[PDB]
Amino acid sequence: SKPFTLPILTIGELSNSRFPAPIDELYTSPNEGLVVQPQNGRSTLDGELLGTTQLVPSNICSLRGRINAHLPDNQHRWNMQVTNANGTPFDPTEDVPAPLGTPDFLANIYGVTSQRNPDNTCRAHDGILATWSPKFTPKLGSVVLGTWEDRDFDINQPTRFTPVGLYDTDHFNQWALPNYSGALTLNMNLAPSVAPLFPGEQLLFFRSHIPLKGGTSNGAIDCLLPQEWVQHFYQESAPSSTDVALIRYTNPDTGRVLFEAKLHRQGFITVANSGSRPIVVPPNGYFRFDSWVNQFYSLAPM
Amino acid sequence: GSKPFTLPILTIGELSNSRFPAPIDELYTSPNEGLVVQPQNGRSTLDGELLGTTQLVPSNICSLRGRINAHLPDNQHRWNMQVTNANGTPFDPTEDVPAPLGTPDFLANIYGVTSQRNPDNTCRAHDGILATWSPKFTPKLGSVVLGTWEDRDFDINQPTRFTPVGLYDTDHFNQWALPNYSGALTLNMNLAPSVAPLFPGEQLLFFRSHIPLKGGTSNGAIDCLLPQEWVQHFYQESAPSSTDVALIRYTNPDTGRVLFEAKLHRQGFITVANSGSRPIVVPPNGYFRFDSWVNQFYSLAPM
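- In terms of determination method and resolution, the entry is listed under X-ray crystallography at 1.51 Å.

Points about the overall build of chain A
For step 1, the next point in the chain: Each helix and strand in chain A was counted, giving one helix and 15 strands.
For step 2, the next point in the chain: For 302 residues, the compact-globule formula gives about 19 Å, and the C-alpha radius of gyration of chain A, at 20 Å, lands near that figure.
For step 3, the next point in the chain: Across chain A, contacts joining residues at least 24 apart in sequence account for 73% of those joining residues at least 6 apart.

What to know about the overall build of chain B
For step 1, the next point in the chain: Helices and strands together make up the secondary structure of chain B, namely one helix and 15 strands.
For step 2, the next point in the chain: For chain B, whose C-alpha radius of gyration is 20 Å, the value lies close to the compact-globule estimate of 19 Å for 303 residues.
For step 3, the next point in the chain: Seen through its C-alpha atoms, chain B measures out along the principal axes to roughly 60 × 45 × 40 Å.

Here's the deal with the interface of chain B and chain A
For step 1, the next point in the chain: Listed per partner, the contact involves 49 residues of chain B and 47 residues of chain A.
For step 2, the next point in the chain: With both sides pooled, the region where chain B packs onto chain A buries about 3300 Å², and carbon together with sulfur makes up 51% of that total.
For step 3, the next point in the chain: If you sort the residues of chain B by the area they bury against chain A, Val57, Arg117 and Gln236 of chain B come out on top, with a joint share of 15%.
For step 4, the next point in the chain: Our enumeration of links across chain B and chain A arrives at zero salt bridges.
For step 5, the next point in the chain: Those elements that provide at least two residues to the side of chain B that touches chain A are β4 (109-117), β5 (122-131), β7 (159-167), β9 (215-217) and α1 (228-237) of chain B.
For step 6, the next point in the chain: Among the residues making up the side of chain B that touches chain A, the classes are represented as 19 nonpolar, 18 polar and twelve charged.
For step 7, the next point in the chain: Of the strand pairs in this sheet, strand β9 (residues 214-216) of chain A and β5 of chain B are connected by three bridges, and their pairing is antiparallel. Residue pairing in the sheet places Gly215 of chain A in a bridge with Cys123 of chain B of β5 of chain B.

What to know about the packing of aromatic side chains
Residue and element names in this part refer to chain A.
For step 1, the next point in the chain: Applying the stated criterion across every chain, the model contains 31 aromatic pairs over all chains.
For step 2, the next point in the chain: An aromatic cluster is present here, built from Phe4, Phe206, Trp229, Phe233, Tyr249, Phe259, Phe287, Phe289 and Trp292 joined pairwise through their rings.
For step 3, the next point in the chain: Over the aromatic face of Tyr27 sits the side chain of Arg207, whose NZ or CZ is 3.5 Å from the ring centroid.

Some points on the sheet that holds β9 of chain A
For step 1, the next point in the chain: Taken in spatial order, the seven strands of this open sheet run β9(A)-β5(B)-β4(B)-β7(B)-β2(B)-β3(B)-β6(B), and their pairing is antiparallel. Both outer strands of the open sheet, β9 of chain A together with β6 (143-147) of chain B, are each paired with one neighbouring strand and no more. Along the sheet, successive strands turn relative to each other by an average axial angle of 40°, direction set aside.

Thoughts on the nonpolar core
For step 1, the next point in the chain: Judged by nonpolar contacts, the single largest core of 70 residues is most densely connected at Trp229, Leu263 and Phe287 of chain A together with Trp230, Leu264 and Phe288 of chain B.
For step 2, the next point in the chain: When sequence neighbours within four positions are dropped, the list of residues in contact with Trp229 of chain A reads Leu6, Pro7, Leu14, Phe206, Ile247, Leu263, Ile269 and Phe287 of chain A.
For step 3, the next point in the chain: Counting residues in hydrophobic clusters, the runner-up holds 24 residues, among them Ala108, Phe137, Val144 and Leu213 of chain B.

Considering the pattern of salt bridges
Residues and elements named next belong to chain B.
For step 1, the next point in the chain: Under the defined criterion, the tally for this structure stands at 16 salt bridges over all chains.
For step 2, the next point in the chain: A salt bridge links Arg124 to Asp155, with the shortest nitrogen-to-oxygen separation between them at 3.7 Å. Here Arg124, found in strand β5, pairs with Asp155, found in the loop between β6 and β7; they are 31 residues apart in sequence, far enough to count as distant.
For step 3, the next point in the chain: Exposure remark for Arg124: the relative accessible area of 12% places this residue in the buried category.

Considering the domain arrangement of chain B
All names here are of chain B.
For step 1, the next point in the chain: Per the domain assignment, the segments of chain B are domain 1 (1-60 + 169-303) and domain 2 (61-168).
For step 2, the next point in the chain: Relative placement of domain 1 and domain 2: their C-alpha centres are 28 Å apart.
For step 3, the next point in the chain: Contacts between the two partners involve 40 residues from domain 1 and, on the opposite side, 34 residues from domain 2.
For step 4, the next point in the chain: Between domain 1 and domain 2, a total of about 3000 Å² is buried, with carbon and sulfur atoms accounting for 59% of that surface.
For step 5, the next point in the chain: In terms of surface lost to domain 2, no three residues of domain 1 exceed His172, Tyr181 and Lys214, which account for 21% of the buried area on that side.

Here we look at the side chain of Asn17 of chain B
Residue and element names in this part refer to chain B.
For step 1, the next point in the chain: Here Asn17 shows up in the segment before β1 (26-30).
For step 2, the next point in the chain: One polar contact links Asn17 to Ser209, side chain to side chain, over a distance of 2.9 Å.
For step 3, the next point in the chain: Excluding its chain neighbours within four sequence positions, the residues that come into contact with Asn17 are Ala22, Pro23, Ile24, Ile61, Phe207, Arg208, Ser209, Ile222, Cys224 and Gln228.

Concerning the pairing of strand β10 (residues 220-223) of chain A
Residues and elements named next belong to chain A.
For step 1, the next point in the chain: Of the two faces of β10, the one lined by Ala220 and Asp222 and the one lined by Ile221 and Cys223 are each fully buried.
For step 2, the next point in the chain: Here strand β8 (residues 201-209) runs beside β10; their pairing, made up of four bridges, is antiparallel. Paired with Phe206 across the strands is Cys223, a residue of β10.

Section: the side chain of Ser217 of chain A
For step 1, the next point in the chain: Within the secondary structure layout, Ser217 of chain A lies in the loop between β9 and β10.
For step 2, the next point in the chain: You can call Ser217 of chain A buried: its relative accessible area is 12%.
For step 3, the next point in the chain: Side-chain polar atoms of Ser217 of chain A contact the backbone nitrogen of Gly219 of chain A, separated by 2.9 Å.
For step 4, the next point in the chain: Those residues in contact with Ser217 of chain A that sit more than four places away from it in its chain are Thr169, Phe172 and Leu212 of chain A together with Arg117, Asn121 and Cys123 of chain B.

Examining helix α1 (residues 227-236) of chain A
For step 1, the next point in the chain: Here α1 of chain A lies mainly inside the structure; seven of its ten residues are buried.
For step 2, the next point in the chain: All of the buried residues along α1 of chain A are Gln227, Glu228, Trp229, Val230, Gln231, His232 and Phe233 of chain A.
For step 3, the next point in the chain: Buried residues along α1 of chain A sit against β8, β11 (244-250), β12 (257-264), β13 (268-272) and β15 (286-293) of chain A together with α1 of chain B.
For step 4, the next point in the chain: Downstream of α1 of chain A by one or two residues, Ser237 of chain A has phi in the positive range, about 50°.

Quick word on the domain arrangement of chain A
For step 1, the next point in the chain: As assigned here, chain A comprises domain 1 (1-59 + 168-302) and domain 2 (60-167).
For step 2, the next point in the chain: Residue classes in the side of domain 1 of chain A that touches domain 2 of chain A are distributed as 16 nonpolar, 20 polar and four charged.

Some details on the environment of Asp243 of chain A
Residue and element names in this part refer to chain A.
For step 1, the next point in the chain: Here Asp243 shows up in the loop between α1 and β11.
For step 2, the next point in the chain: In this structure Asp243 comes out as partly exposed when scored by relative accessible area, which is 44%.
For step 3, the next point in the chain: In sequence terms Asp243 and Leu45 are 198 residues apart; their C-alpha atoms lie 9.5 Å from each other.
For step 4, the next point in the chain: With residues up to four places along the chain from it excluded, the contact list for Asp243 reads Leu263, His264, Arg265 and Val293.

Comments concerning the environment of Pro30 of chain A
Residue and element names in this part refer to chain A.
For step 1, the next point in the chain: Residue position: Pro30 is located in the loop between β1 (25-29) and β2 (63-70).
For step 2, the next point in the chain: On a C-alpha basis, the gap between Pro30 and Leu45 in space is 23 Å, while along the polypeptide they are 15 residues apart.
For step 3, the next point in the chain: Those residues in contact with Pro30, other than ones at most four positions away along the chain, are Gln202, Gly275 and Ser276.

Conventions used here
- Residues numbered from 1 in each chain as written, not as in the entry; some residues may be left out.
- Chains lettered and ligands numbered in written order.
- Heavy atoms only, no water.
- Residues with missing side-chain atoms left out of burial classes, pairs and counts.
- Helix = DSSP H or I, 4+ residues; strand = E, 2+ residues; numbered from the N terminus.
- Rg over C-alpha atoms; globule rule 2.2 N^0.38 Å.
- Contact = heavy atoms within 4.5 Å.
- Buried area = accessible area lost by both parts, 1.4 Å probe.
- Salt bridge = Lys/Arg side-chain N within 4 Å of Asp/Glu carboxyl O.
- Nonpolar A, V, L, I, M, F, W, Y, C, P; charged D, E, K, R; others polar.
- Pairing = 2+ DSSP bridges.
- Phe/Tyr/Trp six-rings, centres within 6.5 Å; stacked < 30°, edge-to-face > 60°.
- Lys NZ or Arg CZ within 6 Å of the ring centre and 35° of its normal.
- Axes fitted to C-alpha atoms, helices over the stretch in contact; angles between N-to-C directions.
- Core = buried A, V, L, I, M, F, W, Y, C linked by side-chain atoms within 4.5 Å.
- Buried < 20%, exposed > 50% of the residue type's maximum accessible area, 1.4 Å probe, protein only.
- Domains from an automatic or database assignment.
- Polar contact = N/O pair within 3.5 Å; in protein donor to acceptor, adjacent residues only side chain to side chain.

This is the structure we're talking about:
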């Protein structure tokens, strides 16, 4: 078989796969009572992308298309038809939950909506992508973008939303999926929920504290795999010999090993740990693949 | 045996700009008559030695982070920021880089958002400008100025980050003009070298993005020598280069149909046999594949 590998990347060299941001720390938590089912940053270990996951980092939580209308309310809102990169409208019959890169959490996402016309005249206005809105219907090919009172966009010109962070904390829940087709509809083609199946284990996350325009929050976005691991597995396509890869967080200069973890075939990590805490790792260290083990493998407790 | 050199399996719609956070929109070639082409982001040798200000994390391209340390005494709503490493230690100007890694490598009014989060999780963010042409843009000395608008304030000595979005306007915009990383009347140091064709009848080939512009008229073109994914691939692979020039061919893997060929130079840039300034259209499913080690005297099939 083509041997399985992880990329040689320290924590300061990793990116979040659910929001455009550097990884700030590793984190573990029980997430009691919640369903953990992110749709970005989802890949099998042998490189099959899942959910809404795609490879281009600047397309994470970005959508593009053409603005088609200014809405007749007092909220300064603009409807956008979502397109592919070639300008063709999104096809709702594609077996994805939503256009690739669509945000996978409820929030008021602060960002900038920009346009460039064929004659190279441009405009951009900061504002909000409300992923909880009844008119957030990206699987139907349309979303609404907000800005402020005095701002206009051009109808039917190429349009892009660049995400920046959270506008505020209203509606923010990183583990609540949007209704990709709007109210009273079921999401489809989802990457499965993930949970520890072995006793004494918790998920391990790659955490970013993303920007927040106003309010009080740690802004935590937890991904199952950093974007670089998604990219690596996609390129490598190494066969998964068992359901679980044993990985160890290692300092390459001294060989000192900090802890060990289970990297599951479906693309997430578990550790033997209790409670919600940040993990501190050596700045020069990174996970190394050790061996393929079985699901009942007992990890050394952190 | 030596590890074979390879390019990643990535179509043009799967590539990223290495000089600005943006997808690649097209390939582009140009003689760039009379200009010195010397970008500092998106620079790597084929064997994976990063050069200039190049670093691996895509969301850190044209970002700076640190701690705001002063509100400046004019009507311009400008804030001085001490640049830091991720752990909060100040940037060390004696590091043999031109500037902190990921620092912008072109003159512009860059539109973005400056955000803060205090230890007690209280936050604030305000849009505004990073003016890389300003006398106060001195990232190699560990400080830059950030603008916002009236009656917007930041906390002194709290963690701060600038997220770039695009161009604020076109004033001072020149993608091939390097900043003065240490300010007025200083020389830039530790630069990745300028690049140009070495063989007659060739031009550079660029991976081009049209980045956002807040107001004005411009195609917003940012041309990189290597997409960010190729920088990332070479860094991981570290395959030794057998000669100074790799012959690469833009190929559709479904049919084997080859569109054109190019030279991928050891120092990390591409040339093609072409004349004139024009975008290039490629098959959506195609990508460059490494064909063979040639050398600089290899005569390319004309595009």
